[PDB]
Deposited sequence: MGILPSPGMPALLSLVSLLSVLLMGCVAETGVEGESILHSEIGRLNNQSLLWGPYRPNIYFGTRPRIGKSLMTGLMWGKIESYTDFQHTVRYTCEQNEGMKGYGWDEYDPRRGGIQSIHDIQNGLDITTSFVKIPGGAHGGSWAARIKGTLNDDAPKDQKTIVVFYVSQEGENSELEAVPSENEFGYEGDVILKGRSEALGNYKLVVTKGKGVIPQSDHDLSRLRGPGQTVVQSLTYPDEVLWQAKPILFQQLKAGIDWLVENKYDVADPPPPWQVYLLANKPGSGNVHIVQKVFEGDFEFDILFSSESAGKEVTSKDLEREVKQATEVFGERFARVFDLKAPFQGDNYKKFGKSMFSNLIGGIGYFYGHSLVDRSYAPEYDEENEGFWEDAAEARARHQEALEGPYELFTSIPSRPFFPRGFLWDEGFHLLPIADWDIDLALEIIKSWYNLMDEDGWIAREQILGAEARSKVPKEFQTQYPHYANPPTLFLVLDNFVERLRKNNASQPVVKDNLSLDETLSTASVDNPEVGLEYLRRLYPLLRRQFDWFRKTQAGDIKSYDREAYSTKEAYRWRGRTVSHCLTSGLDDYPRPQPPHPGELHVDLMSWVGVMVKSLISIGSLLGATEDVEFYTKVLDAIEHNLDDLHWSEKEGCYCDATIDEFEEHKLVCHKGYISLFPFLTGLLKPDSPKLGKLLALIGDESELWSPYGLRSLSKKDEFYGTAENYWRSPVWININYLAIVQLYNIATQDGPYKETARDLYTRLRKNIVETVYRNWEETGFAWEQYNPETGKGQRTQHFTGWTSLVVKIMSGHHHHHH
């Protein structure tokens, strides 16, 4: 039955707009298959269109905003794009239709509407780009009855082992198509829908904009060798309308040109299913998809006071939709240094110098290919998977569709190598590599990342103790399925546990350190003088200089999170010997946290080093790090140490801002210094952790109930309002919020862990 619930998920999820890197495109969860992408641009001039054309997501003064208003990966949704440069408000309605044995059929409505500043008669080029990768597959454009283009529909007929037979229809569409007077309309026609059919070697079909512009150049060079001159040049649009050449290939460019408002549909009909898909199908399924989304939101995300008003429901739907609508499918080789050079051991003072020499041998090589099905931090800036980001992404996704979140966890853990390592940044394929500077491509098998995917497993387990809607909850509804999922994954979770203990180990034994355990001590590998990228808190102040004897309370707390989950998962599977060993490790962690990381002087936890004189020092930097035992849920509700930390959290002179908890105390000597990334600003992911724990230390008998209820109430309000205000004014979720102003700053479209607020608004954790 697990395979059956499993075969039903593959089929539900196969098709999607799973190319979050571009404004709108589709691909299935198959490495080498059929991909679509939308391009458009105003043409007012002979040279402008190369600058106005839109394909891959950016965020600059020329784009007001874009995002999904509703989305569910199983059904589809509606995307709005607000393009200032091109005077357009574009709508992408996308919807799926189950049927057949090939993950079904789908359709999309592209709707463009000039804004009030657009020339009422603006000319707008729209391209629909279709490519097919694969060895024994065919795609052909049926030619048109008309002489130099198509008057009505465009029919692509194709077949693959993976998809079998399908047809892809780009419709005539409503909207004024402009005609030309000029001599040139003897050879190209007056103006019509046109199709070019090409072949390139599979590995370049992703480079749609260069492929398009190679055909626009050819057809411009062709005017110049046919004596068409500056005396009487044709209109810019006609110069940039392609010569119809429909045929068979792995690339089909379908070009329309429109005067004023316009709209056309894409209907992909799977031959495995019955009747072909129609625009009447599109309108029915979209209306239906909207009611369903509406009903599911109101149940899954019941916004509690003071946020029950419609304005907050709207904001909630935006944050949630953009988070889940970022889901992408990624396929290709990764770049990995597999030397495991001895300098990566970092066992010498000045180890950062040694590790740079090793990197400077550039031994890294492409390996794979791999697949990842994951949400992303940001479409314009980070259209790829980040390991500890996804743990936060999936908390709200799991609530909506636990079966989807478990598909994504599975996808991530299938990347785990034999030693237990998952690269913290998944850059799969050339398409992914193009958005990434050459210096950040190389992954390093000693580089860890917080294991937040365990927190999603925690929520999965608590909901286990206690048709598309049937599928979404099947792995909790049918407990035999959940168990089987956890049984298959468990050995991976354990392999990663051991990988942290082998690769990220602190040195207790070799220094003058007294502790309750000689085993439990951790140090983040990968840190430079200013940075610790592997912890996720890029520039949070750590011991200076970096040193093999450093110990990292945030790493120790994450191991803690892992063990609590391994004990819980192990108990369910009956791993009785393993559970006994976990309970010993947990115990030792609780004690060593105190014996190595607690500052009675400063009333918080701290990273440790060893002195210029070879003895253990605590290095205390009041902020997110200082609270990690608490944030990760390891302190007992009556701990005197919890009491001391709650003080710190509520202390307006240290971490309490009107807009949320500051990354670093105002009182710390590194507050607002250097790139000031994790050195003052408000981060929603850590604020989320603080809030969840406060609600927990507030819903139990104990001495901090009342204190922790005030803090929960206020921190909940401050964070939600900060993110709502900014969403009202800018239309964006942001990576961080300014602690002096509550202004969103740095990365935009951060949905992303900023979308964590939707969960914060509904409460009941």
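- Comparing the deposited sequence with the modelled residues shows gaps at 1-37, 504-516, 816-819, with numbering starting at 1.
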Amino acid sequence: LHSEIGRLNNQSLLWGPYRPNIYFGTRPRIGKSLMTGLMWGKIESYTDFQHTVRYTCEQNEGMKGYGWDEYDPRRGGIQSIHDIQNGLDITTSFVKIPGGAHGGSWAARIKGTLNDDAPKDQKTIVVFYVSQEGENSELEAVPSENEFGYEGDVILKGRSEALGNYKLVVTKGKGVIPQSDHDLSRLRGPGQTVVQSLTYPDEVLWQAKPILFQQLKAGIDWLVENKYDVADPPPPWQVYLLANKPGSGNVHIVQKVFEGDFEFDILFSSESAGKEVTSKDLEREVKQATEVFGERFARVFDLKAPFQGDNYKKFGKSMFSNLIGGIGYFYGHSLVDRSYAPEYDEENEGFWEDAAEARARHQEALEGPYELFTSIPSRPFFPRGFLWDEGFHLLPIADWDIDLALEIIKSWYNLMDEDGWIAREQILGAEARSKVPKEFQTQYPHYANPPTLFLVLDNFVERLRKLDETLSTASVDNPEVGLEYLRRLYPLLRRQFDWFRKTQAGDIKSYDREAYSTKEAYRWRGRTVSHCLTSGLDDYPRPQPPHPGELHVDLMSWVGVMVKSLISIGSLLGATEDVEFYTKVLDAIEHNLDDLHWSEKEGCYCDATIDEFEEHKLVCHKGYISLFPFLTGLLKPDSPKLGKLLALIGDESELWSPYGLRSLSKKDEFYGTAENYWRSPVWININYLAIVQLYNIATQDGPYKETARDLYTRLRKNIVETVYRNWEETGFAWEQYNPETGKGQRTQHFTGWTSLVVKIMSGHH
From here on, numbers count along this sequence of modelled residues.
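Heads up, when I say rigid core I mean the largest set of C-alphas that superpose within 1.5 Å between the two forms.
- With 646-654 and 437-445 as candidates, the stretch whose CA atoms show the greater average offset from this form in 9 other deposited structures of this protein after a core fit is 437-445.
- On average the C-alpha atoms of 2-10 have higher B-factors than those of the other stretch, with 2-10 and 755-763 being the two compared.
- When 637-645 is weighed against 660-668, 637-645 comes out higher, by mean CA B-factor as recorded in the entry.
- Highest CA B-factor among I427, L457, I625, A162, as stated in the entry: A162.
- Within the group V230, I211, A608, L335, the record's highest C-alpha temperature factor is found at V230.
- Ranked by C-alpha B-factor against the other modelled residues of its chain, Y582 falls in the highest third.
- When the modelled residues of the chain are ordered by their C-alpha B factor, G191 lands in the highest third.
- When the CA B factors of the chain's modelled residues are split into thirds, the value for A423 lands in the lowest one.
- The entry lists a Cα temperature factor for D477 that places it in the highest third of the chain's modelled residues.
- Sort the modelled residues of the chain by CA B factor and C57 lands in the lowest third.
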